[PDB]
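In the form deposited in one PDB entry, a lone chain appears below as structure tokens.
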């Protein structure tokens, strides 16, 4: 039984969480996902969440005051606070497995050029905080990364249930003049196992040589 809170200035973007696996997990009561509009914790009439950076630079930085009030209300000392950021530690399969046993995840979605560093620093005095990157590309905000993290974690939760997988096939055995590899039709478990292992090897060498300790 897991609780996930997501905090964002675009709560509408997190609605895909209601589809597929995450939606099913919600419907089965294995997780509760709540999405919160950060602007709820603002007090000015313009509901400002960002300001220009100290020391200069392009863009805006999200204000610590608003985030601090939001996290005060949402988090407890048991919370794992997840902050997606291109400058984060890598989020990997190992991370997904680790977080799959947490009682409470809170995901802070940043926009503009990021969140004032003191938000994470202050939070870390009261709870565990993890700044993570889902990959080596830049997004406009943390919302898509939140969806990725939720999907990668939820499919591992006990309630629901290296090298690259090789090609897979299904019916019909011949299509547009392309045949399923005969060994897959042969019913020989030993030979199928070996062919699949080999396929996995070739694909990994080709597409992800780093997984086998080779130069990219």
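Only the largest set of C-alpha atoms that superpose within 1.5 Å between the two forms is called the rigid core. Positions refer to the first chain, counted from 1.
Absent from the display: the form deposited in another entry. The rest refers to it.
Here the two forms are overlaid on the core, and between the shown form and the other one the C-alpha of 27 is the only one among 44, 188, 27, 179 to shift by 2 Å or more. Superposition on the rigid core between the shown form and the other one places the CA atom of residue 207 less than 2 Å from its counterpart.
Compared with the form shown here, the C-alpha atoms of residue 27 and residue 150 sit at least 3 Å farther apart in that other deposited form. Note on residue 26 and residue 144: their C-alpha atoms are more widely spaced in that other deposited form, a change of at least 3 Å from this conformation.
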